[PDB]
Every structure is written in structure tokens, then in C-alpha cells.
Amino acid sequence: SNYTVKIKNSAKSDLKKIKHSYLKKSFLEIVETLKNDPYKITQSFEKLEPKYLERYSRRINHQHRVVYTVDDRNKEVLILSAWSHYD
């Protein structure tokens, strides 16, 4: 690891849907990349607009993303969504 990867507790309901969808293995692959280098140009890494806010996404599959931010100073990644839906 180089970064601590956290998830917002309110995003845990997302992980329940990931688990039921059998997306756990894809999701944890993204987690492993976030631990090593959250800016690696893999997994369809995207810098979301507006770019000055520095929110990012990676593809779990063609429907769902992990959306996250990064605290560079403290080397922490914050996962905010793992399910691409309004709830």
C-alpha cells in the first residue's frame, strides 16, 4: 500500500448492491489499485468535471463506477459511491 482507502459509511449500502450483483471481485480490484496509485491510468480512470474539485471515477463495469476523492497530503482515498444510481 501507499494510500489508506476509506469508504463513507453512508456508502456501505452501495457495497450491499455490489455484493448481490457479484461485483465484489471487480470492486476490490479497484480498491487494490487505489491503495497503490489512485491516479494510475487503468480501469478507465477519469478526472470528473469540474476538474478543480478533483473527484475521480473508475469503472467497476459499464454501468457502475467507484467515485472517490484523494487527500494527497495524508495519503488517504475516500470512496463516496460504488453504485451508479441516485440512491
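Residue numbers here begin at 1 and follow the sequence given.
Placement of the Cα temperature factor of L28 within the chain: middle third of the modelled residues, per the deposited record.
When all modelled residues of the chain are sorted by CA temperature factor, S57 is found within the lowest third.
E49: CA B factor in the lowest third of modelled residues in this chain (values from the PDB entry). Split the chain's modelled residues into thirds by C-alpha temperature factor. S21 is in the lowest one. When the modelled residues of the chain are ordered by their C-alpha B factor, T69 lands in the lowest third.
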